[PDB]
Structure formats: C-alpha cells, structure tokens
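Data block for start-v7.tsv (TSV, C-alpha atoms and all ligand atoms):
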chain	number	residue	atom	x	y	z
P	1	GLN	CA	0.00	0.00	0.00
P	2	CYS	CA	2.39	2.74	-1.29
P	3	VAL	CA	2.55	6.16	-2.98
P	4	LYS	CA	5.08	7.03	-5.68
P	5	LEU	CA	7.41	9.88	-4.69
P	6	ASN	CA	8.52	12.58	-7.13
P	7	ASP	CA	12.04	10.96	-7.46
P	8	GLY	CA	10.52	7.59	-8.55
P	9	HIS	CA	10.90	5.80	-5.17
P	10	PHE	CA	7.83	4.42	-3.33
P	11	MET	CA	6.72	5.16	0.25
P	12	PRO	CA	4.34	2.95	2.25
P	13	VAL	CA	1.27	5.05	3.19
P	14	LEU	CA	1.20	3.76	6.82
P	15	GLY	CA	4.29	4.37	8.92
P	16	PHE	CA	5.33	3.28	12.42
P	17	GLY	CA	6.33	6.18	14.72
P	18	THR	CA	9.26	5.29	16.96
P	19	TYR	CA	9.64	8.30	19.33
P	20	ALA	CA	9.32	7.43	23.03
P	21	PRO	CA	10.25	9.80	25.86
P	22	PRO	CA	13.48	9.24	27.81
P	23	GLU	CA	11.61	7.55	30.74
P	24	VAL	CA	10.97	4.60	28.38
P	25	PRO	CA	13.91	2.17	28.46
P	26	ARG	CA	15.92	2.14	25.20
P	27	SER	CA	15.30	-1.68	24.93
P	28	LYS	CA	11.61	-1.06	24.18
P	29	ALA	CA	12.32	0.45	20.68
P	30	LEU	CA	13.86	-2.93	19.64
P	31	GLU	CA	10.85	-4.95	20.96
P	32	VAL	CA	8.09	-2.72	19.47
P	33	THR	CA	9.84	-2.16	16.08
P	34	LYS	CA	10.01	-6.00	15.67
P	35	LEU	CA	6.32	-6.20	16.71
P	36	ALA	CA	5.45	-3.46	14.16
P	37	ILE	CA	7.21	-5.32	11.34
P	38	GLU	CA	5.52	-8.61	12.39
P	39	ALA	CA	2.12	-6.81	12.35
P	40	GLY	CA	2.79	-5.56	8.75
P	41	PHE	CA	4.37	-2.09	9.13
P	42	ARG	CA	7.00	-1.48	6.40
P	43	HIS	CA	7.63	2.31	6.86
P	44	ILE	CA	9.56	3.09	10.09
P	45	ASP	CA	10.04	6.76	11.16
P	46	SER	CA	13.06	7.58	13.36
P	47	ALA	CA	15.51	10.48	13.84
P	48	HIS	CA	18.90	11.19	15.42
P	49	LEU	CA	17.03	13.18	18.13
P	50	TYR	CA	15.01	10.11	19.21
P	51	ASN	CA	18.06	8.33	20.67
P	52	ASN	CA	16.73	5.03	19.27
P	53	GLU	CA	18.39	4.43	15.86
P	54	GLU	CA	20.60	1.62	17.28
P	55	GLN	CA	17.53	-0.32	18.57
P	56	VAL	CA	15.31	0.50	15.56
P	57	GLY	CA	18.14	-0.58	13.18
P	58	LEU	CA	18.69	-3.82	15.17
P	59	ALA	CA	14.95	-4.60	14.89
P	60	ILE	CA	15.11	-4.07	11.10
P	61	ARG	CA	18.30	-6.15	10.69
P	62	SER	CA	16.74	-8.89	12.92
P	63	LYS	CA	13.59	-9.16	10.76
P	64	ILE	CA	15.72	-9.26	7.55
P	65	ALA	CA	18.14	-11.88	8.99
P	66	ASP	CA	15.25	-14.13	10.26
P	67	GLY	CA	13.77	-14.14	6.70
P	68	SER	CA	10.56	-12.18	7.53
P	69	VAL	CA	11.46	-9.27	5.19
P	70	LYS	CA	14.21	-8.10	2.85
P	71	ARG	CA	15.96	-4.72	3.23
P	72	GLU	CA	14.01	-3.43	0.16
P	73	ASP	CA	10.67	-4.22	1.96
P	74	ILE	CA	11.50	-1.67	4.72
P	75	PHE	CA	11.22	2.10	4.21
P	76	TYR	CA	13.44	3.60	6.97
P	77	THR	CA	13.39	7.37	7.63
P	78	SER	CA	15.96	9.33	9.63
P	79	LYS	CA	16.16	13.08	10.20
P	80	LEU	CA	18.95	15.68	10.36
P	81	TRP	CA	18.83	17.42	13.73
P	82	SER	CA	18.80	21.26	13.79
P	83	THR	CA	22.38	21.52	15.22
P	84	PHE	CA	23.63	19.98	11.91
P	85	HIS	CA	22.12	22.41	9.35
P	86	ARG	CA	25.52	23.90	8.38
P	87	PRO	CA	26.26	22.10	5.10
P	88	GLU	CA	29.62	20.58	6.19
P	89	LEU	CA	27.78	18.86	9.13
P	90	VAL	CA	25.02	17.12	7.04
P	91	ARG	CA	26.87	14.15	5.54
P	92	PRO	CA	28.71	13.29	8.81
P	93	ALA	CA	25.34	13.44	10.65
P	94	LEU	CA	23.80	10.97	8.16
P	95	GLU	CA	26.90	8.71	8.27
P	96	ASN	CA	26.63	8.65	12.10
P	97	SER	CA	22.91	7.73	11.90
P	98	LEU	CA	23.76	4.90	9.44
P	99	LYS	CA	26.55	3.61	11.71
P	100	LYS	CA	24.24	3.60	14.75
P	101	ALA	CA	21.39	1.86	12.81
P	102	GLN	CA	23.85	-0.63	11.13
P	103	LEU	CA	22.27	0.30	7.71
P	104	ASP	CA	24.01	1.12	4.40
P	105	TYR	CA	21.39	3.74	3.43
P	106	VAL	CA	18.17	5.34	4.65
P	107	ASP	CA	15.12	5.29	2.42
P	108	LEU	CA	14.39	8.87	3.46
P	109	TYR	CA	16.41	11.63	5.08
P	110	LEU	CA	14.55	14.72	6.31
P	111	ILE	CA	15.49	18.14	7.58
P	112	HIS	CA	13.81	17.64	10.99
P	113	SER	CA	12.92	21.32	11.41
P	114	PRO	CA	13.62	24.66	9.69
P	115	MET	CA	14.64	26.18	13.08
P	116	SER	CA	18.48	25.95	13.00
P	117	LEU	CA	20.27	25.64	16.39
P	118	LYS	CA	23.86	26.31	17.52
P	119	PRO	CA	26.08	23.91	15.53
P	120	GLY	CA	27.53	20.83	17.17
P	121	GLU	CA	26.86	17.43	18.71
P	122	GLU	CA	25.03	18.87	21.77
P	123	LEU	CA	21.43	18.45	20.58
P	124	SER	CA	19.98	20.94	23.16
P	125	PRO	CA	22.38	23.96	23.16
P	126	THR	CA	21.40	26.44	25.96
P	127	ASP	CA	23.02	29.73	27.07
P	128	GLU	CA	24.04	30.94	30.59
P	129	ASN	CA	20.35	31.73	31.44
P	130	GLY	CA	18.92	28.45	30.04
P	131	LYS	CA	17.70	29.84	26.65
P	132	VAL	CA	17.91	27.63	23.53
P	133	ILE	CA	20.70	29.00	21.25
P	134	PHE	CA	19.63	29.57	17.62
P	135	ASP	CA	21.76	29.61	14.46
P	136	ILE	CA	21.22	31.50	11.18
P	137	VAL	CA	21.76	29.13	8.19
P	138	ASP	CA	20.50	29.42	4.60
P	139	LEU	CA	18.40	26.19	4.46
P	140	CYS	CA	19.06	26.10	0.65
P	141	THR	CA	22.72	25.29	1.50
P	142	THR	CA	21.53	22.54	3.92
P	143	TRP	CA	19.35	21.29	1.05
P	144	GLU	CA	22.35	21.19	-1.38
P	145	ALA	CA	24.17	19.01	1.16
P	146	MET	CA	21.07	16.73	1.43
P	147	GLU	CA	21.14	16.46	-2.41
P	148	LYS	CA	24.79	15.27	-2.29
P	149	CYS	CA	23.71	12.57	0.24
P	150	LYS	CA	21.14	11.29	-2.33
P	151	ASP	CA	23.80	11.37	-5.10
P	152	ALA	CA	26.20	9.42	-2.79
P	153	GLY	CA	23.48	6.71	-2.37
P	154	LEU	CA	23.30	7.23	1.45
P	155	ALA	CA	19.64	8.42	1.20
P	156	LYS	CA	17.33	7.04	-1.49
P	157	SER	CA	15.03	10.08	-1.08
P	158	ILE	CA	15.25	13.43	0.72
P	159	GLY	CA	12.54	15.62	2.19
P	160	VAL	CA	11.66	18.15	4.87
P	161	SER	CA	9.67	18.34	8.08
P	162	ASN	CA	7.78	21.18	9.80
P	163	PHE	CA	8.05	23.45	6.70
P	164	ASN	CA	5.29	25.97	5.81
P	165	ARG	CA	4.41	27.01	2.20
P	166	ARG	CA	7.03	29.87	2.15
P	167	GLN	CA	9.80	27.50	3.29
P	168	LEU	CA	8.83	24.84	0.69
P	169	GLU	CA	8.82	27.54	-2.05
P	170	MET	CA	12.33	28.64	-0.98
P	171	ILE	CA	13.60	25.10	-1.79
P	172	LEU	CA	11.47	24.73	-4.98
P	173	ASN	CA	12.83	28.08	-6.27
P	174	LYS	CA	16.47	27.37	-5.31
P	175	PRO	CA	18.79	28.13	-8.24
P	176	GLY	CA	20.22	24.90	-9.71
P	177	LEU	CA	17.83	22.69	-7.65
P	178	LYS	CA	18.58	18.98	-8.34
P	179	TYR	CA	15.88	17.20	-6.23
P	180	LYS	CA	12.59	18.55	-4.92
P	181	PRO	CA	11.67	17.41	-1.41
P	182	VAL	CA	9.66	14.14	-1.76
P	183	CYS	CA	7.62	15.02	1.37
P	184	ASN	CA	6.85	17.50	4.12
P	185	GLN	CA	6.28	15.68	7.44
P	186	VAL	CA	4.03	17.93	9.57
P	187	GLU	CA	1.60	17.83	12.48
P	188	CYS	CA	-1.74	16.71	10.96
P	189	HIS	CA	-4.94	15.30	12.57
P	190	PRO	CA	-8.67	16.11	12.51
P	191	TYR	CA	-8.18	19.10	14.87
P	192	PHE	CA	-5.37	20.51	12.59
P	193	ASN	CA	-6.02	18.93	9.17
P	194	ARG	CA	-3.59	21.18	7.11
P	195	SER	CA	-6.11	21.26	4.15
P	196	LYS	CA	-4.47	24.28	2.38
P	197	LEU	CA	-0.91	23.00	2.90
P	198	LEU	CA	-2.04	19.55	1.65
P	199	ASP	CA	-3.55	21.11	-1.49
P	200	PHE	CA	-0.28	23.01	-2.11
P	201	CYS	CA	1.89	19.92	-1.52
P	202	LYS	CA	-0.23	17.74	-3.91
P	203	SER	CA	0.04	20.49	-6.58
P	204	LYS	CA	3.92	20.16	-6.40
P	205	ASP	CA	3.83	16.31	-6.13
P	206	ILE	CA	5.14	16.60	-2.52
P	207	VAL	CA	3.65	13.99	-0.12
P	208	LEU	CA	2.27	15.36	3.17
P	209	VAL	CA	3.25	12.90	5.97
P	210	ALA	CA	1.16	13.33	9.15
P	211	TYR	CA	2.66	13.13	12.64
P	212	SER	CA	0.65	13.31	15.84
P	213	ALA	CA	-2.16	11.83	13.69
P	214	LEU	CA	-3.60	10.22	16.88
P	215	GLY	CA	-3.34	13.50	18.86
P	216	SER	CA	0.30	13.27	20.11
P	217	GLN	CA	1.73	11.55	23.21
P	218	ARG	CA	0.65	14.67	25.22
P	219	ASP	CA	4.11	14.89	26.88
P	220	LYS	CA	3.55	17.74	29.41
P	221	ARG	CA	7.03	19.15	28.55
P	222	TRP	CA	5.88	19.83	24.95
P	223	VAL	CA	2.02	19.70	24.83
P	224	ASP	CA	-0.51	21.74	26.89
P	225	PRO	CA	-2.36	19.19	29.11
P	226	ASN	CA	-5.50	21.43	28.79
P	227	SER	CA	-5.55	20.62	25.01
P	228	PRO	CA	-8.56	18.47	24.04
P	229	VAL	CA	-7.75	14.74	23.68
P	230	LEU	CA	-8.21	13.90	19.98
P	231	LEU	CA	-9.23	10.22	20.49
P	232	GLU	CA	-11.96	11.16	23.05
P	233	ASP	CA	-13.66	13.27	20.29
P	234	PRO	CA	-17.41	12.39	20.09
P	235	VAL	CA	-17.50	12.39	16.22
P	236	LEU	CA	-14.46	10.05	16.00
P	237	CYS	CA	-15.92	7.79	18.74
P	238	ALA	CA	-19.39	7.67	17.11
P	239	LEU	CA	-17.73	6.81	13.74
P	240	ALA	CA	-15.66	4.09	15.49
P	241	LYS	CA	-18.94	2.64	16.89
P	242	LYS	CA	-20.65	2.87	13.43
P	243	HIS	CA	-17.75	1.01	11.71
P	244	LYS	CA	-16.95	-1.36	14.65
P	245	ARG	CA	-13.46	0.13	14.62
P	246	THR	CA	-11.65	2.43	17.10
P	247	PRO	CA	-11.24	6.22	17.16
P	248	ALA	CA	-7.48	5.76	16.29
P	249	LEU	CA	-8.44	3.68	13.17
P	250	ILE	CA	-10.97	6.36	12.11
P	251	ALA	CA	-8.26	9.08	12.51
P	252	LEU	CA	-5.72	6.98	10.47
P	253	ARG	CA	-8.19	6.08	7.72
P	254	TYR	CA	-9.23	9.74	7.39
P	255	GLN	CA	-5.65	10.64	6.41
P	256	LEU	CA	-5.27	7.73	3.93
P	257	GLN	CA	-8.47	8.72	2.05
P	258	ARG	CA	-7.24	12.35	1.67
P	259	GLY	CA	-3.89	11.20	0.11
P	260	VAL	CA	-1.86	11.78	3.32
P	261	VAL	CA	0.78	9.29	4.40
P	262	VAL	CA	0.10	8.71	8.08
P	263	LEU	CA	2.42	7.77	10.95
P	264	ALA	CA	1.17	6.01	14.11
P	265	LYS	CA	3.30	5.56	17.24
P	266	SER	CA	2.43	2.77	19.65
P	267	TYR	CA	4.62	0.94	22.11
P	268	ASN	CA	1.65	-1.36	23.02
P	269	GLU	CA	1.54	-4.81	21.32
P	270	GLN	CA	-2.30	-4.79	20.99
P	271	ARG	CA	-2.46	-1.23	19.54
P	272	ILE	CA	0.44	-1.91	17.10
P	273	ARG	CA	-1.55	-4.91	15.73
P	274	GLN	CA	-4.74	-2.80	15.71
P	275	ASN	CA	-3.29	0.06	13.65
P	276	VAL	CA	-2.47	-2.04	10.57
P	277	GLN	CA	-6.25	-2.75	10.27
P	278	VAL	CA	-6.60	0.72	8.66
P	279	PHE	CA	-6.55	-1.03	5.22
P	280	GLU	CA	-9.60	-3.24	6.10
P	281	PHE	CA	-12.39	-0.64	5.91
P	282	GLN	CA	-13.35	2.68	4.35
P	283	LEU	CA	-15.04	5.89	5.45
P	284	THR	CA	-17.99	7.22	3.40
P	285	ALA	CA	-17.91	10.72	1.79
P	286	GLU	CA	-20.35	11.81	4.58
P	287	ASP	CA	-17.95	10.38	7.29
P	288	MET	CA	-15.03	12.29	5.66
P	289	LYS	CA	-17.03	15.58	5.68
P	290	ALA	CA	-17.93	15.04	9.39
P	291	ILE	CA	-14.20	14.63	10.23
P	292	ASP	CA	-13.22	17.66	8.05
P	293	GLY	CA	-15.71	19.58	10.30
P	294	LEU	CA	-13.49	18.95	13.40
P	295	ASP	CA	-10.67	21.22	12.07
P	296	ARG	CA	-9.88	23.95	14.71
P	297	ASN	CA	-6.21	24.84	13.95
P	298	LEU	CA	-5.15	23.09	17.22
P	299	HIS	CA	-1.32	22.67	17.33
P	300	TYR	CA	-0.38	20.10	20.04
P	301	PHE	CA	3.24	21.30	19.58
P	302	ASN	CA	3.47	25.05	20.49
P	303	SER	CA	7.35	25.11	20.31
P	304	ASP	CA	7.46	27.67	23.25
P	305	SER	CA	11.32	27.29	23.63
P	306	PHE	CA	11.71	28.40	19.90
P	307	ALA	CA	10.01	31.76	20.78
P	308	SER	CA	11.45	34.45	18.39
P	309	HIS	CA	13.19	31.99	16.02
P	310	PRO	CA	13.10	33.59	12.51
P	311	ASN	CA	12.12	30.18	10.94
P	312	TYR	CA	9.13	29.47	13.28
P	313	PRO	CA	6.77	27.88	10.68
P	314	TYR	CA	3.35	28.71	12.40
N	401	LIG	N1	8.87	15.51	12.41
N	401	LIG	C1	8.58	15.87	13.66
N	401	LIG	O1	8.85	16.96	14.16
N	401	LIG	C2	7.78	14.91	14.49
N	401	LIG	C3	7.00	15.40	15.56
N	401	LIG	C4	6.21	14.46	16.27
N	401	LIG	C5	6.19	13.15	15.85
N	401	LIG	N2	6.95	12.70	14.85
N	401	LIG	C6	6.94	11.29	14.41
N	401	LIG	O2	5.54	10.91	14.31
N	401	LIG	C7	5.33	9.79	15.20
N	401	LIG	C8	3.87	9.74	15.69
N	401	LIG	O3	3.46	10.96	16.35
N	401	LIG	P1	3.39	11.02	17.93
N	401	LIG	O4	4.61	10.49	18.57
N	401	LIG	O5	2.98	12.39	18.25
N	401	LIG	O6	2.24	9.98	18.32
N	401	LIG	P2	0.77	9.57	17.69
N	401	LIG	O7	1.01	8.70	16.48
N	401	LIG	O8	-0.10	10.76	17.58
N	401	LIG	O9	0.29	8.62	18.83
N	401	LIG	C9	-0.12	9.22	20.09
N	401	LIG	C10	-0.47	8.10	21.08
N	401	LIG	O10	-1.56	7.32	20.51
N	401	LIG	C11	-1.53	6.09	21.20
N	401	LIG	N3	-2.06	5.08	20.31
N	401	LIG	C12	-1.47	4.47	19.22
N	401	LIG	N4	-2.33	3.64	18.64
N	401	LIG	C13	-3.51	3.73	19.35
N	401	LIG	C14	-4.76	2.99	19.24
N	401	LIG	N5	-4.96	2.13	18.25
N	401	LIG	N6	-5.69	3.33	20.12
N	401	LIG	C15	-5.50	4.19	21.12
N	401	LIG	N7	-4.34	4.88	21.29
N	401	LIG	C16	-3.33	4.61	20.42
N	401	LIG	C17	-0.06	5.80	21.53
N	401	LIG	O11	0.07	5.32	22.88
N	401	LIG	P3	0.68	3.83	23.13
N	401	LIG	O12	2.15	3.85	22.80
N	401	LIG	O13	0.46	3.66	24.65
N	401	LIG	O14	-0.11	2.89	22.25
N	401	LIG	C18	0.66	7.13	21.31
N	401	LIG	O15	1.49	7.53	22.44
N	401	LIG	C19	6.46	9.93	16.26
N	401	LIG	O16	6.71	8.76	17.04
N	401	LIG	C20	7.61	10.31	15.38
N	401	LIG	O17	8.09	9.18	14.66
N	401	LIG	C21	7.68	13.57	14.18
N	402	LIG	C1	8.27	15.41	21.35
N	402	LIG	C2	9.29	16.16	20.52
N	402	LIG	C3	9.90	15.17	19.48
N	402	LIG	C4	9.06	15.28	18.22
N	402	LIG	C5	9.33	14.11	17.27
N	402	LIG	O1	8.74	13.03	17.58
N	402	LIG	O2	10.03	14.38	16.25
N	402	LIG	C6	10.27	16.79	21.57
N	402	LIG	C7	11.32	15.74	22.06
N	402	LIG	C8	12.65	16.50	22.21
N	402	LIG	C9	12.30	17.94	22.18
N	402	LIG	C10	13.54	18.81	22.01
N	402	LIG	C11	14.62	18.25	23.01
N	402	LIG	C12	15.91	19.01	23.05
N	402	LIG	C13	15.57	20.49	23.37
N	402	LIG	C14	15.11	20.58	24.82
N	402	LIG	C15	15.01	22.08	25.13
N	402	LIG	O3	14.69	22.24	26.55
N	402	LIG	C16	13.93	22.67	24.37
N	402	LIG	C17	14.35	22.63	22.92
N	402	LIG	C18	14.56	21.17	22.41
N	402	LIG	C19	15.21	21.25	21.02
N	402	LIG	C20	13.21	20.31	22.31
N	402	LIG	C21	12.12	20.96	21.32
N	402	LIG	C22	10.78	20.46	21.37
N	402	LIG	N1	9.72	21.25	21.42
N	402	LIG	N2	8.53	20.52	21.42
N	402	LIG	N3	8.96	19.24	21.31
N	402	LIG	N4	10.32	19.23	21.28
N	402	LIG	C23	11.14	18.02	21.12
N	402	LIG	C24	11.61	17.92	19.64
N	403	NA	NA	22.07	18.62	24.70
N	404	NA	NA	7.70	32.56	-1.30
N	405	NA	NA	-2.59	24.78	-4.22
N	406	NA	NA	-5.48	-6.36	8.47
Could you show the structure in this file as structure tokens?
Amino acid sequence: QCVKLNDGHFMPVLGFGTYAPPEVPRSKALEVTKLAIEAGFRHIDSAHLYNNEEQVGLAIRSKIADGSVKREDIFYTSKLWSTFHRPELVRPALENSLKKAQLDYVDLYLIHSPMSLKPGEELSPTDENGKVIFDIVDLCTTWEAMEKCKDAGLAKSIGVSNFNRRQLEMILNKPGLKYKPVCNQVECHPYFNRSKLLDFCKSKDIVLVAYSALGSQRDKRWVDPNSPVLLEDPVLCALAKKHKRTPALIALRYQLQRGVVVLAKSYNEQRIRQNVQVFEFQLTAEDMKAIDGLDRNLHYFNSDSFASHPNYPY
C-alpha cells in the first residue's frame, strides 16, 4: 500500500512512529519495532534526536536476517537534527545515523525542522540563562548538502519536516535545484487537518506525511495538558462505533483517504496490531465531511522554547 514519490521511489502510506520519551527504556524500541514489522508495518520513522536508531536498526536487521522481510521491503526514515544544518555537518550526521542503525542507506532523510540551532553534537544547546541558542543558516545550503547525500546513495530520497508554504517555495525556487523534497512531514490530525498546505503539496507532487495523527503523546514538557484529547472526540468515537473500529483507526483512515501518508506511534503490542487494520475498511464521503468539520487549527506542539526563532513555521 504505497505512494510514488517525485524521485521515482515508493513510500508505504502507513508508517510506524518510533519516538518514546526518555523515561521509556531504550530496549523497548527494539521490541516494538520488531512487533510493528511482524504486524505488517513497512515504513519506520526515526531520527537522530530520538536516541533510538541503534535499537530500531537492530529490529530491522533482525527481521531481515530471520527471513521475515528483505531490506528493500523496509522504508526507513531518519532526520537531520537542527544543530547539523551547516552544510559541512550534514553528511557526517547521516553517516553517524547509518553507523548507529547498522544500515548502508536510509530510504528517506529529512530536515527535521527549519529552526536551526547552535552547531555541534550537543542536541539541546542552551546559554548561561537556560535559553535555547539559535543559528542563522541558509536552508538552501543545507538542502544542497542533502542532495549530495542522495547522489552518494546514502539516502534514497530526501525531504523536509515542519516546513510551511514559504519554506517549501524557498527550496522549490532554489537556483540549480537537483531534487525537490519528496515530502513534508508535519503535524496533521482532525483538529489541525492542514487542508491548504495539503492542497499546495499535492500540486507540487510533494507527499504530506502526518505526525501526531492520533493527537500526540501529550508529553507535558511539549504539549498543553488542557488541550482536548483527539481520540476522546465524540465524532471520531461515534464513527468508530458505526464502523466497529476504534477512534485511532478512524483518525488513520481519514488521512489515507485524503492522500496523506500517516504515521502512528504505539509501544503497546495490541495497539500496534490494531493500527495495521486501517486497510480493512473505508469511510464514506459523509464520514469524511464530518471529520473535516473537526478542524480547529489546534497545534499540540506550540514550540514555546523556539520563541522568536526567525524560521518558526506557524
Ligand atoms: N517531524 C517531527 O517533528 C515529528 C513530531 C512528532 C512526531 N513525529 C513522528 O511521528 C510519530 C507519531 O506521532 P506522535 O509520537 O505524536 O504519536 P501519535 O502517532 O499521535 O500517537 C499518540 C499516542 O496514541 C496512542 N495510540 C497508538 N495507537 C492507538 C490505538 N490504536 N488506540 C489508542 N491509542 C493509540 C499511543 O500510545 P501507546 O504507545 O500507549 O499505544 C501514542 O502515544 C512519532 O513517534 C515520530 O516518529 C515527528
Ligand atoms: C516530542 C518532541 C519530538 C518530536 C518528534 O517526535 O520528532 C520533543 C522531544 C525532544 C524535544 C527537544 C529536546 C531538546 C531540546 C530541549 C530544550 O529544553 C527545548 C528545545 C529542544 C530542542 C526540544 C524541542 C521540542 N519542542 N517541542 N517538542 N520538542 C522536542 C523535539
Ligand atoms: Na544537549
Ligand atoms: Na515565497
Ligand atoms: Na494549491
Ligand atoms: Na489487516
């Protein structure tokens, strides 16, 4: 169940989200990534920031070595952290991710965020009064370095994450552009459905990939605990009842029917096995209109620590 990207590669339309907070033991990423592959996931979304690429890579290598899948069956995404936007830092950052994951290439390498941070290995640079330290980098030069990673064969495809229309246009208009972004991975769910951005992306043959499609993990460091809980929504729950599915499955299927590639994080064996059932049923045009009606521009991520960054995309 795949979509063709604008560079000719194919992306599975359902992806497994791997982020877990630091209070989850690092062993769990290995267990749940194997469970995801066993359940039928074939797109796996990770990042240098997640501190999990060793365990996620081991899971992938394990399922290839045991004969369950071949390397070409798995679509593995990593992301360039914002302390590595300076062009000379991009290839070493990807090479380090590949060494940790024990992989020869990623299927997809993303710019994690347009909001550049002080260069270096320290992923959370903070000043003498605890403020996040920004950097000013032309993201077109970061992009040129991403392009060289594709030409070196280290990334099959390259894309971006957390870009707005203006930031996408900056790449599309870059002089001497070699490769468009294949995707823009953004926050997208029935409370923030990104309809105009989605329209724009489709018009440029850029795939919108939805994160927080089940309403986020609601980590109180990053998400307002007063925010409404997406999966408690009465329309999603009534549709779940109507279809004998679950609110999560309704929220996933909604994205597939609108041409969005959707991620789903779960570290729970039962919910991992549940989520792959998204391909078993369909929402009517009336159901889709009811879910479109939930849109309220609700951003679970309010990036408060990136206050005043010039590249803040919202
Ligand atoms: N590019 C970026 O900046 C960025 C930002 C955020 C996320 N991401 C990526 O997108 C992924 C997903 O987004 P997310 O981490 O915000 O989480 P999410 O996919 O919105 O999931 C939120 C929560 O839903 C629960 N869940 C999963 N399946 C469910 C089911 N069938 N029924 C009920 N609850 C269910 C999970 O809890 P359990 O684990 O307890 O099942 C999970 O913690 C991340 O892991 C990461 O790979 C990227
Ligand atoms: C849940 C986010 C991860 C999203 C993802 O799944 O890609 C958090 C985890 C780490 C944190 C990083 C962790 C390192 C550092 C911690 C600082 O106190 C705040 C800035 C930040 C870059 C934050 C920024 C942030 N703002 N809202 N969410 N975040 C993220 C990216
Ligand atoms: Na740090
Ligand atoms: Na513009
Ligand atoms: Na458009
Ligand atoms: Na199924």
Inset, instruction - For ligand NA 404 (chain N), list the contacting residues at 7 Å or closer, counting all atoms listed in the file, as a PyMOL selection string. - result: chain P and resi 166+169-170
Legend entry - Distance query residue 277 of chain P at most 10 Å, only C-alpha atoms, self and fewer than 3 positions along chain excluded, as a VMD selection string: chain P and resid 39 to 40 245 249 252 to 253 272 to 274 280 to 281
Legend entry - For residue 49 of chain P: contacts at 8 Å, all atoms listed in the file, fewer than 3 positions along chain excluded, given as a list in words: residues 79, 81 and 123 of chain P
Inset, instruction - Name each residue within 7 Å of ligand LIG 402 (chain N), counting all atoms listed in the file, as a PyMOL selection string. - result: chain P and resi 19+49+123-124+132+219+222+301-303+305
Inset, instruction - Do a neighbour search on residue 236 of chain P at 9 Å with all atoms listed in the file, toss out local chain neighbours closer than 6 positions, and write the hits as a PyMOL selection string. - result: chain P and resi 230+246-248+250-251+290-291
Inset, instruction - May I have the residues within 12 Å of segment 296-298 of chain P as a list in words, using all atoms listed in the file and disregarding those fewer than 6 positions away in the same chain? - result: residues 187, 188, 189, 190, 191, 192, 193, 194, 195, 196, 212, 215, 216, 223, 224, 226, 227, 228, 229, 230 and 314 of chain P
If you keep C-alpha atoms, can you produce a file of those selected residues as an mmCIF file, in the coordinates of the input?
data_model
loop_
_atom_site.group_PDB
_atom_site.id
_atom_site.type_symbol
_atom_site.label_atom_id
_atom_site.label_comp_id
_atom_site.auth_asym_id
_atom_site.auth_seq_id
_atom_site.Cartn_x
_atom_site.Cartn_y
_atom_site.Cartn_z
ATOM 1 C CA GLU P 187 1.600 17.830 12.480
ATOM 2 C CA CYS P 188 -1.740 16.710 10.960
ATOM 3 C CA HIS P 189 -4.940 15.300 12.570
ATOM 4 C CA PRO P 190 -8.670 16.110 12.510
ATOM 5 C CA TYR P 191 -8.180 19.100 14.870
ATOM 6 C CA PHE P 192 -5.370 20.510 12.590
ATOM 7 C CA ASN P 193 -6.020 18.930 9.170
ATOM 8 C CA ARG P 194 -3.590 21.180 7.110
ATOM 9 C CA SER P 195 -6.110 21.260 4.150
ATOM 10 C CA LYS P 196 -4.470 24.280 2.380
ATOM 11 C CA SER P 212 0.650 13.310 15.840
ATOM 12 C CA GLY P 215 -3.340 13.500 18.860
ATOM 13 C CA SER P 216 0.300 13.270 20.110
ATOM 14 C CA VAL P 223 2.020 19.700 24.830
ATOM 15 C CA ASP P 224 -0.510 21.740 26.890
ATOM 16 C CA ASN P 226 -5.500 21.430 28.790
ATOM 17 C CA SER P 227 -5.550 20.620 25.010
ATOM 18 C CA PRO P 228 -8.560 18.470 24.040
ATOM 19 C CA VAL P 229 -7.750 14.740 23.680
ATOM 20 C CA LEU P 230 -8.210 13.900 19.980
ATOM 21 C CA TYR P 314 3.350 28.710 12.400
#
Legend entry - Selected residue of minimal separation from residue 33 of chain P among P:288, P:152, P:14, P:56, counting only C-alpha atoms: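 Going through P:288, P:152, P:14, P:56 one by one, the smallest distance to residue 33 of chain P is for P:56.
Counting all atoms listed in the file, residue 135 of chain P has the following residues at most 6 Å away, ignoring those fewer than 2 positions along the same chain: residues 116, 117 and 118 of chain P.
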Legend entry - Neighbours of point (4.1, 18.8, 11.3) within 7 Å, using only C-alpha atoms, written as number ranges by chain: P: 161-162, 185-188, 210-211
